[PDB]
Amino acid sequence: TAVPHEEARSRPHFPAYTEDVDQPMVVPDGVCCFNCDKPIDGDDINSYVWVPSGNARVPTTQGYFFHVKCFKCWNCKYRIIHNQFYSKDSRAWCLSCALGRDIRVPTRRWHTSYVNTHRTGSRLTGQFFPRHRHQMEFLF
Amino acid sequence: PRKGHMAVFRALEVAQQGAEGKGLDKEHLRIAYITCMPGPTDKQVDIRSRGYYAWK
Amino acid sequence: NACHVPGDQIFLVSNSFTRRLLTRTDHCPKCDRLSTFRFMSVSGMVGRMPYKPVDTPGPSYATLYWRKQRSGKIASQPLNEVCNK
Amino acid sequence: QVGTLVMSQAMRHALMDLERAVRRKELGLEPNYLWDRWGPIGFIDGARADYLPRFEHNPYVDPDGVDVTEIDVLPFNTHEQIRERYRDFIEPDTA
Amino acid sequence: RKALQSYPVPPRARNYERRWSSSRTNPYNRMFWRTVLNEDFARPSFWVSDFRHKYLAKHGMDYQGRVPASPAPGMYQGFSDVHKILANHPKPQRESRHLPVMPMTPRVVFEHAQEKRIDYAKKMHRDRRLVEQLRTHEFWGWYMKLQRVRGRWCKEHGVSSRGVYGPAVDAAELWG
Amino acid sequence: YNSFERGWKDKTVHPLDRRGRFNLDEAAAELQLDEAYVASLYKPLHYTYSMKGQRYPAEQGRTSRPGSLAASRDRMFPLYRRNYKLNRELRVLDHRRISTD
Amino acid sequence: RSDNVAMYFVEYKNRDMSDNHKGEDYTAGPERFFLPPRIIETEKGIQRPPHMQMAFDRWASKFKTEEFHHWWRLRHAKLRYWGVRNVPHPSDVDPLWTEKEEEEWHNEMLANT
Amino acid sequence: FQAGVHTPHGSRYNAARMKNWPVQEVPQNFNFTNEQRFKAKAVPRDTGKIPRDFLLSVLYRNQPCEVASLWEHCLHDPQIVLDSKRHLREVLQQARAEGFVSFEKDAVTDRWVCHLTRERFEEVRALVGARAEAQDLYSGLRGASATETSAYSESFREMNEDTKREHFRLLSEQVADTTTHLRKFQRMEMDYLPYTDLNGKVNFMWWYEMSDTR
RNA sequence: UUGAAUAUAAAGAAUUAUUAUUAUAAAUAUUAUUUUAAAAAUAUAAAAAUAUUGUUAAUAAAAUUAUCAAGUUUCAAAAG
Ligand SMILES: [Zn+2]
Ligand SMILES: [Zn+2]
Ligand SMILES: [Zn+2]
């Protein structure tokens, strides 16, 4: 956000309900899975993990898109532990494998990440209401 | 709305229902003695706070 | 104060419809059908709080910037009216 | 039973990878059969071995739109109708 | 307290201790940065980090290449609960060439019992809306029949539904 | 409460949710979702699948009393009988899916 | 009976000038709570605004099912778990609305026939 | 909306009259107090389909059009469903947010031009199609003597050879005079009724028919 | 079920109580237990001008807040 500093929220670290009236923040029509590439249901569902990496544009009109089951590391094929992934040439790679490390099986759930669906886990960060200098508000 | 008055009124419709059989009048009938008689008393366990019990 | 699959609207919610607040079902005009709306942000209160002015909670710094775009710069159309009839 | 082989789940997932290799060269594409990168150390490509009773949340996905499922391999029950269908893959080449 | 060796998978949340520390959640995102950042943290997982000590001896060099994962068939055959003398990988195989098959340890089967009860949960929600997308979807479709049949009836019976006054109080477009 | 005497009655049963009369199996046919399954979505998951649940004791039905026959928990609550086909088909892992040898 | 709170009967004034409650009777409540209220026989020849009496049975439609007849059967178990005196067992709570009470009303909608 | 209350006298907009609203005269002494001028909570205007389906068919005719002289066009259609300059502007806010129209200041000039947005442009082309498909049914000439206007088929086709832009100029004022006669002998009177949706937002359902007075 | 066998609703604080038993899995069911015409204390505090520690053994680590809930500084004593 703009929110110069010392004005962002403090205890939960982020404001609830990012208002986005400036740009509507809707899921696009030419949308597709980053990892799998199959078209994604438009918006009627939460089967897709829509990671809008703040303002992304490059992965899609909005940010990366993944069906909940295509959200695995492509190279090692298990889950993306702690959900930090590494977009290796348009196929999300697990950070540890994508980083060169080799420990290649987790404990809890192997082939399905712990992620939230439809940005609901990604709305802890990124683009709160005053994105940019919107001083239209106080000016005449 | 008391309970005592609804219990006796349960009788004064049954008692006179039986009184009229004995020949007793339905109208001129009075209440001579209406007395309470101490009766059966169950014992229920009650569990007061802090490990003390006192039988309701 | 509520959006859409692709659009927006605005509405002040009461106490009675607090259930439908988060995600409502409504006629999306950038379509012709009822479509599920969300709650992009707050725009005030449905009544007064005790001992407080008319705008006790205040709409927002955010929902104002949504208003200042709808009414805002209408300078494209003070033509055909300004406020008259 | 006469010849209907008791096909364990491992098989009906090994007969899927074979059928998916057939459909590919039936689509005209290159049939990259999975178990022809499989050598004495496992996948020669240095990849993590794909273990066969594959989880339903890790289905082998080929971004070419090839469909193979349980409805596909259940008729290939007995020994004979695979030695002719997947003849080209189960048989090694001696030339 | 229900020793962790009893749970099919070790528990997700791991409660500790610390009279002077009150927080349920284990601090992940710190156990993650270490491990991803530092190679050494997690024991080498013998095989993928053996196969050196066997290349160096037989080739006179450092391997200098990415080691294959998925330990070769025939390695760790006397071990029984590998799971540590490996990564959490399965016991590799017999010394065979048969297609890889997961040795259905009690653990692997449990994971199957999750990825079916994950598909189960996401299916009981996916269609609790699909029918909630009929009830409210068709309630509106019907409610507009109501406002239509009310719309038709309120014209012949002339109930303008706008107060005790005539429309001459409306036409002013004041309050009155 | 239009009672004038509150009780286990004249407690207006749903003073909301006026959109009654849902034909589930009829609607379930439009969605093509196994009519026996859809109706299970709309009752506590205790009642249909093999899940840990809490039952009221009258719901359990009493032994054959001098006043009343043995009223089993089913013949008084038919739509609460668990459907263990629908459980197994959905919730438990079949020998088949992991048969490796 | 549940406490000495008084009970007033607040009713709107003149209903003979109404359109929805023209000649209804309120000397007694509806038999099953989804059944429309008894009418004064002297004005039995009254019909209603449709939007009022077509949305009512839309609401009253959910109690004419058996899923509510299960929630009715069930509730009588709750009130016994919470023990409330004088609650019949859910084994003798035969439904409110029934098929014998179906035949009259579908043939009481002869207007739309 | 009355003559002298909110507006100066004689500004009896010759557009679709509201139904049952008696237009009464107010003395030319009228003026609000310095505060009643502002309280004056108006009546909300329909912005639904029938105006938004009717406005766009205008802006589809006059694709680039200066906003100022826009209202002087909707008056011309026989199917004007618009009560006054206020109703147009509120519909024009609606159709603006829908994404249908898009105002751009006509750079060479200082006036905006309601440009039909290219996003939903191929929708209105179909939309103007159905109404015209359903409008030519009504006319008593379309079907009685179709050959009277078969004189028009060839002309306008060969008209678009030499003077197409100058042909309709006279045709524009011609209809503007012939739609007024109609608008004296029939108007689309708008009878509206409020109604509350399940979310408690009181709004008005509308409909329009043509009142025959002669 | 197509496995032989085997068995699937309910705890603990004395209770139908403070009480999500967090092994898991996600994410809009319009799932359904809370009497009532008053002022004292008291639990408690919405609201509200001045004053800022004069109260007290001693103010300042002391619930939540869309008015978005955070005192700054110096010295002395004091390890992990
Ligand atoms: Zn995907
Ligand atoms: Zn990986
Ligand atoms: Zn929309």
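As a convention, residue numbering begins from 1 on each chain and follows the written sequence, not necessarily the numbering found in the entry; residues with no coordinates do not appear. All chains are assigned letters beginning at A, and all ligands numbers beginning at 1, according to the order in which they are written. Within a larger assembly, only the chains shown are considered here, and all values are given for them alone. For the side-chain quantities, the full set of heavy atoms in the structure was used; hydrogens and water were omitted. Residues with missing side-chain atoms are left out of burial classes, side-chain pairs and their counts.

Chain D goes by mL68 in the PDB entry, where it is assigned to Leishmania major. This entry appears in the Protein Data Bank under the title "The Large subunit of the Kinetoplastid mitochondrial ribosome".

Naming follows the PDB entry, where chain C appears as mL100 of Leishmania major.

Draft legend 1. Looking closely at the overall build of chain D. For chain D, the count of helices and strands is four helices and two strands. Here a helix means four or more residues in a row that DSSP labels H or I, a strand means two or more in a row labelled E, and each is numbered from the N terminus. Secondary structure elements of chain D occur, N-terminal to C-terminal, as α-β-β-α-α-α. Against the globule reference of 12 Å for 95 residues, chain D gives a C-alpha radius of gyration of 14 Å, in line with a compact fold. Taken along the three principal axes of its C-alpha coordinates, chain D extends 40 × 40 × 30 Å. Partly exposed residues are those whose accessible area sits between 20% and 50% of the maximum for their type, while under 20% is buried and over 50% is exposed, using a 1.4 Å probe and protein chains only. Across the 95 residues of chain D, 45% fall into the buried class. Contacts between residues were defined by any pair of non-hydrogen atoms, one from each residue, lying within 4.5 Å. Taking the intrachain contacts of chain D between residues at least 6 apart in sequence as the baseline, contacts between residues at least 24 apart amount to 62%. Element-wise, carbon and sulfur atoms account for 52% of the exposed surface of chain D, whose accessible area totals about 5,300 Å². Charge counting treats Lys and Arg as positive and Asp and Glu as negative, with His and both chain ends excluded. A charged residue contributes its charge at one atom only: NZ of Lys, CZ of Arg, CG of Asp or CD of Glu. Side chains of chain D carry 11 positive and 18 negative charges; the gap between the two charge centres is 2 Å. With C-alpha atoms as the basis for the radius of gyration, the globule rule is written as 2.2 Å multiplied by the number of residues raised to the power 0.38. With residues, only the protein chains shown are counted as cover, and all accessible areas are computed by Shrake-Rupley using a 1.4 Å probe.

Draft legend 2. Region of interest: the coordination of the zinc ion (ligand 1). The donor set covers N, O and S atoms within 2.8 Å of the metal, switching to 3.2 Å for Na, K and Ca, and it leaves out water, so a site may look short of donors. Distances from the zinc ion (ligand 1) to its protein donors, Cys-33 of chain A (SG), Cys-36 of chain A (SG), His-67 of chain A (N), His-67 of chain A (ND1) and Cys-70 of chain A (SG), fall at 1.9 to 2.6 Å. For the zinc ion (ligand 1), the single-chain donor residues occur in sequence as C-x2-C-x30-H-x2-C.

Draft legend 3. View of the side chain of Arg-89 of chain H. Within the secondary structure layout, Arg-89 of chain H lies in helix α4 (residues 85-97). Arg-89 of chain H gets classed as buried once you look at its relative accessible area, which sits at 5%. Not counting residues within four places of it along the chain, the set of residues in contact with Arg-89 of chain H comprises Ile-74, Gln-77, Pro-78, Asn-80, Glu-81 and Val-82 of chain C.

Draft legend 4. Expanded view of the interface of chain C and chain E. In this complex, chain C contributes five residues to the contact, which on the side of chain E involves five residues. Put simply, buried area is the surface a 1.4 Å probe can reach on two separate parts but cannot reach once they are joined, added for both. The junction of chain C with chain E conceals about 490 Å² of combined surface from both sides, 65% of it contributed by carbon and sulfur atoms. Of all residues in chain C, the largest losses of buried area upon contact with chain E belong to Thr-25, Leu-34 and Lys-85 of chain C, amounting jointly to 76% of the total for that side. Should a side-chain nitrogen of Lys or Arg be within 4 Å of a carboxyl oxygen of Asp or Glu, the pair is scored as a salt bridge. In this structure, the connection of chain C to chain E is made through zero salt bridges. Counting of polar contacts relies on pairs of N or O atoms within 3.5 Å, with two restrictions inside protein: one atom must be capable of donating a hydrogen and the other of accepting it, and residues adjacent in sequence are counted only when both atoms are side-chain atoms. Our count for the chain C to chain E interface comes out at zero residue pairs in polar contact. Counting residues per element, the ones that place at least two in the side of chain C that touches chain E are β1 (25-28) and β2 (33-36) of chain C. Side-chain classes are defined by residue name, with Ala, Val, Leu, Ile, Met, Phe, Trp, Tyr, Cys and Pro counting as nonpolar, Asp, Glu, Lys and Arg as charged, and the others, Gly among them, as polar. Of the residues assigned to the side of chain C that touches chain E, the class counts are one nonpolar, two polar and two charged.

Draft legend 5. Here's a closer look at the protein's contact with RNA strand I. What surrounds RNA strand I is a group of 70 residues, the closest being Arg-109 of chain A, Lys-52 of chain C, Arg-12 of chain E, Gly-53 of chain F together with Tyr-81 of chain G. A breakdown of the atoms of RNA strand I within 4 Å of the protein gives sugar and phosphate a share of 51%. Elements with a minimum of two residues in the surface near RNA strand I: α5 (117-130) and α6 (132-156) of chain E, α4 (84-91) of chain F together with α2 (67-81) of chain G. For the surface near RNA strand I, the element with the highest residue contribution is α5 of chain E, accounting for seven residues. Nearness of a residue to a molecule or strand requires only that one of the residue's heavy atoms be within 4 Å of it.

Draft legend 6. Examining the side chain of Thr-117 of chain A more closely. All names here are of chain A. Relative to the helices and strands, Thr-117 resides in the segment after α1 (95-98). For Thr-117, the side chain forms a polar contact with the side chain of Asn-46, separated by 3.0 Å. Those residues in contact with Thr-117 that sit more than four places away from it in its chain are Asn-46, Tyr-48 and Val-49.

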